[PDB]
Amino acid sequence: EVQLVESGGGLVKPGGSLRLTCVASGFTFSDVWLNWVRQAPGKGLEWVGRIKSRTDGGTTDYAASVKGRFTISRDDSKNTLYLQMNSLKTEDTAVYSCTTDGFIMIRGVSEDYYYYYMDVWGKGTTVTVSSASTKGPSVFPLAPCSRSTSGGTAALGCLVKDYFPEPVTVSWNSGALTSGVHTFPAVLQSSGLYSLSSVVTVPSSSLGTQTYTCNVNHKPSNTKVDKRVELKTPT
Amino acid sequence: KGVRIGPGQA
Amino acid sequence: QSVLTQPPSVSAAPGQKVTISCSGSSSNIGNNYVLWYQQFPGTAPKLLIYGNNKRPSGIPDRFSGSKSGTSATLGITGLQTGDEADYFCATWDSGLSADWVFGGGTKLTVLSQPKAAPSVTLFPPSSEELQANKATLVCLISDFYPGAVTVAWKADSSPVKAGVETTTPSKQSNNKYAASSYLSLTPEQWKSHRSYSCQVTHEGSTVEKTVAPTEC
């Protein structure tokens with residue numbers, strides 16, 4: 001039962017501060033070095049800093065990207081690790097995890113070799129630095145540029161723009177339409193707002209036979225939008 | 001004693 | 001943008017072999033030892049290789065590692081469907097802070113179904129959005145397998161990177177993958193070009209869609 005659990009993540013305005021906590025259990029905390037690492041959406045892992053064990057000095061090292069703004073400290077009596085973040089910037093947005101430095105020991109014919117590595121990993125806590133706040137989405141119709149031609153299929157849809165926070169739900173014709181429907185995962189903009197699209201594929205030669213209305217629901221802001229999408233009928 | 005292979009090690 | 005560079009994805013059938021490269025510099029891979037990790041969704045990274053080529057107990061010899069100059073490689077033979085996961089390299093920097101540094105990660109797909117090219121649909125900005133003083137071109141990409149593509153936008157056949165936001169690929173209900181990309185422009189810019197294209201590359205083949213302001 002070896003584990004690390006972090007908490008404290010949340011939404012913070014640029015220039016703000018936030019303190020994260022990481023509780024360890026199942027092993028002798030005071031004996032190991034610990035790290036804070038972070039990973040922004042769709043990007044690679046980035047080491048934030050470390051704090052050595054009391055026996056090795058208990059000193060800290062920080063990535064160039066955070067030194068001077070972030071402070072790492074430990075409390076061996078509480079098996080707790082801390083990360084004090086000040087002067088937060090939007091680029092500090094990411095999932096923050098704590099890890100320990102462990103090792104594989106090899107008994108050589110003379111000396112014992114210790115190979116260190118990030119051993120235990122917490123599941124992370126999410127930190128969002130943005131000036132964004134609860135906002136309903138603007139819904140726009142998605143219709144093909146070139147007019148649809150009979151035979152084959154046509155795609156139509158709804159663009160659900162600038163909402164926050166997740167999630168949003170989309171149904172078509174009050175749920176009566178599910179066939180050929182595909183709602184895509186949202187994209188996150190630099191502004192901190194999300195946007196997603198939902199599209200339905202239908203027989204081209206069928207356009208004009210009925211109507212298509214997307215029902216968008218954004219519970220966080222208690223906003224509901226019903227928008228009919230009208231495509232040009234094949235000529 | 002012992003050889004330490006990793007960051008900030010002896 | 002990762003300190004260590006790895007190909008985004010790799011794939012092969014069961015029983016086959018693959019290699020995953022990790023490129024760095026003298027200050028990281030060049031001076032120090034390479035580690036490799038295997039990671040499954042919602043699970044902590046697992047040590048596969050340490051000391052460039054040593055396997056922890058439990059890791060079978062199908063897994064091997066090697067280091068040469070400023071690059072390292074992870075080899076996996078006798079592919080098992082159970083190997084489908086993400087793999088990333090790691091080592092430390094020789095700088096003043098001795099940072100642990102990591103590769104961006106490589107998704108290994110163990111082919112369990114035939115490859116499927118992506119279906120691409122490109123929508124122009126709607127008249128309603130243009131009247132709201134905004135313009136978004138929407139490129140929807142679906143049903144591809146393996147789950148990795150690269151997206152490139154063009155305006156008047158010229159590359160465009162600014163204003164582009166592309167999502168990571170996500171598994172669909174049917175086990176194939178989807179992704180989307182958005183190109184944001186002002187209404188004025190939108191009307192200035194004659195054509196715009198969303199080109200999706202998957203397993204060496206490119207699928208393309210185009211829209212023209214005059215036609216919409």
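Computation of the quantities below employed the complete heavy-atom set of this structure, encompassing side-chain atoms and omitting hydrogens, waters and symmetry-equivalent molecules. Just so it is clear: chains get the letters A, B, ... in the order the sequence lines come, proteins before strands, and each one is counted from 1.
Per-residue heavy-atom pair counts under 4.5 Å with chain C were compared for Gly49(A), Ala64(A), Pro141(A), and the maximum is reached by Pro141(A). Residue with the most contacts toward chain A among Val211(C), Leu35(C), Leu47(C): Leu47(C) (heavy-atom pairs, distance under 4.5 Å). The choice from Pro124(C), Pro125(C), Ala44(C), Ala178(C) that makes the most heavy-atom pairs within less than 4.5 Å of chain A is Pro124(C).
For a residue to count as touching a neighbouring chain, one of its non-hydrogen atoms must lie under 4.5 Å from one of that chain's; by this rule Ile141(C) touches chain A with the backbone only. With a threshold of 4.5 angstrom between heavy atoms, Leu156(A) approaches chain C through N, CA, C or O but not through any side-chain atom. If you measure heavy-atom distances from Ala143(A) to chain C, the contacts under 4.5 Å come from the backbone alone. Contact annotation for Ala98(C): both backbone and side-chain heavy atoms come within less than 4.5 Å of a heavy atom of chain A. Of the atoms belonging to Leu142(A), heavy atoms from both backbone and side chain fall under 4.5 Å from chain C. In this structure, the portion of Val199(A) lying under 4.5 Å from any heavy atom of chain C is its side chain and not its backbone. Both the backbone and the side chain of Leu45(A) come within less than 4.5 Å of a heavy atom in chain C.
Listed by chain and number, the residues in a side chain to side chain contact (heavy atoms under 4.5 Å, CB included) with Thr186(C) are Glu188(C), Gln189(C) (sequence neighbours excluded). With sequence neighbours excluded, no residue satisfies side chain to side chain contact (heavy atoms under 4.5 Å, CB included) with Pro114(C).
Every pair tested for disulfide bond (SG atoms under 2.5 Å apart) that includes a residue from residues 144-195 of chain C fails, sequence neighbours excluded, so the list is empty.
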Anything under 3.5 Å between chain C and chain A that's a donor-acceptor pair? List each one with its distance, please.
residue, atom, partner, partner atom, Å
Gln1(C), OE1, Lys43(A), NZ, 2.8
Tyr37(C), OH, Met118(A), N, 2.9
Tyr37(C), OH, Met118(A), O, 2.8
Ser97(C), O, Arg50(A), NH1, 3.0
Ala98(C), O, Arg50(A), NH1, 3.2
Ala98(C), O, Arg50(A), NH2, 2.8
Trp100(C), NE1, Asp101(A), OD1, 3.0
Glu128(C), OE1, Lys227(A), NZ, 2.8
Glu128(C), OE2, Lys227(A), NZ, 3.4
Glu129(C), OE2, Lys161(A), NZ, 2.6
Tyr182(C), OH, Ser197(A), N, 3.3
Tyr182(C), OH, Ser197(A), OG, 3.0

